[PDB]
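Protein chains in written order, with the working numbering: chain A, 3 to 85; chain B, 17 to 96.
1. If you compare alpha carbons, which of B:94, B:17, B:55 is closest to residue 41 (chain A)?
2. Quick one: list the residues of chain A neighbouring residue 56 (chain B), beta-carbon separation under 9 Å, in chain order.
3. Shortest alpha-carbon distance to residue 46 (chain B) belongs to which of B:26, B:79, B:73?
4. Beta-carbon of residue 50 (chain B) versus every beta-carbon of chain A: anything under 9 Å?
5. Along the chain, where does the alpha helix (DSSP H) containing residue 34 (chain B) start, and where does it finish?
6. In chain order, which beta strand (DSSP E) runs of at least 3 residues are fully inside the stretch 35-77 of chain B?
7. Excluding the 5 residues flanking residue 24 (chain B) on each side, which residues of the same chain have their C-beta closer than 6 Å to its C-beta?
8. Near residue 8 (chain A), which residues of its chain fall below 8 Å by C-beta distance, leaving aside the five closest residues on each side in sequence?
9. Only counting the same chain, and skipping five residues up and downstream in sequence, which positions put a Cβ closer than 7 Å to that of residue 18 (chain A)?
10. Residues of chain A with a CB under 8 Å from the CB of residue 78 (chain B): which are they?
11. Short of 7 Å Cβ to Cβ, which residues in the stretch 3-21 of chain A face chain B?
12. Quick check on the DSSP output: the beta strand (DSSP E) that includes residue 19 (chain B) runs from which residue to which?
13. Taking 8 Å as the line, does the beta carbon of residue 62 (chain A) fall inside it for any heavy atom of the ligand ATP?
14. Give the residues of chain B in contact with residue 84 (chain A), contact being defined as C-beta atoms less than 8 Å apart.
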């Protein structure tokens, strides 16, 4: 699963070349092209010289139910306005 | 970073299967099953969640990565 960046594209092992934990970012090199990326979804702490496989994904964060319920009316109005 | 391009929609947990370790969420009427391992903290039925999208990174063994990269390079030389 972790091999697939998305369903029809193989992740390329990428070397970690910089780590900035105070700014939650890491720089990776993928076949020589460098990209700085947010490190919020790294699955364990990383260091220079580690190799990673990367995929677009997500994690689920809880939100207070009352805040969710109050905000949802605005989300529905947006959908109504833009569909 | 690209999470900055969209607003996560509050989504209700509408089913929980602990034998499969999955949950179902509902986002304005549309339901999806998601792995429970993706919870950042304990969720229960009826809770609301917001996803955080981004690049998930899995560390792999350096030697495996380095040996495989010859094959990636070979594909690139051939296609691109």
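Ideal Cβ positions, reconstructed from N, Cα and C, are used throughout, including at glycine.
Let's see:
1. To locate residue 41 (chain A), count along the first chain from 1; it is residue 39. The shortest C-alpha separation from residue 41 (chain A) is found at B:17.
2. By one-based count along the second chain, residue 56 (chain B) stands at place 40. By Cβ distance, chain A contributes 61, 62, 63, 64.
3. Taking the second chain and counting its residues from 1, one reaches residue 46 (chain B) at position 30. Selected option, being the one with the closest Cα: B:26.
4. Walking along the second chain from the start, residue 50 (chain B) turns up at place 34. Interface residue, yes.
5. Taking the second chain and counting its residues from 1, the one referred to as residue 34 (chain B) is at position 18. Element bounds for residue 34 (chain B): n/a, residue is neither H nor E.
6. 38-43, 46-51, 64-76
7. Within the second chain, numbered from 1, the residue matching residue 24 (chain B) stands at position 8. Around residue 24 (chain B): 66, 67.
8. Here residue 8 (chain A) refers to the residue found at position 6 of the first chain. So the qualifying residues of the chain are 57, 58.
9. For the purposes of this step, residue 18 (chain A) is identified with residue 16 of the first chain, where counting begins at 1. So the qualifying residues of the chain are 28, 30, 48, 49, 50, 51, 52, 54.
10. The count along the second chain starts at 1 and reaches residue 78 (chain B) at position 62. Those are 51, 52, 53, listed as they occur along chain A.
11. 4, 14, 15
12. Residue numbering aside, residue 19 (chain B) sits at position 3 when the second chain is read from its first letter. Run containing residue 19 (chain B): none; DSSP gives neither H nor E here.
13. The ligand ATP is absent from the structure shown, which contains no ligand whatsoever.
14. Mapped onto the first chain, residue 84 (chain A) falls at position 82. In chain order: nothing, as chain B lies at least about 12 Å away.
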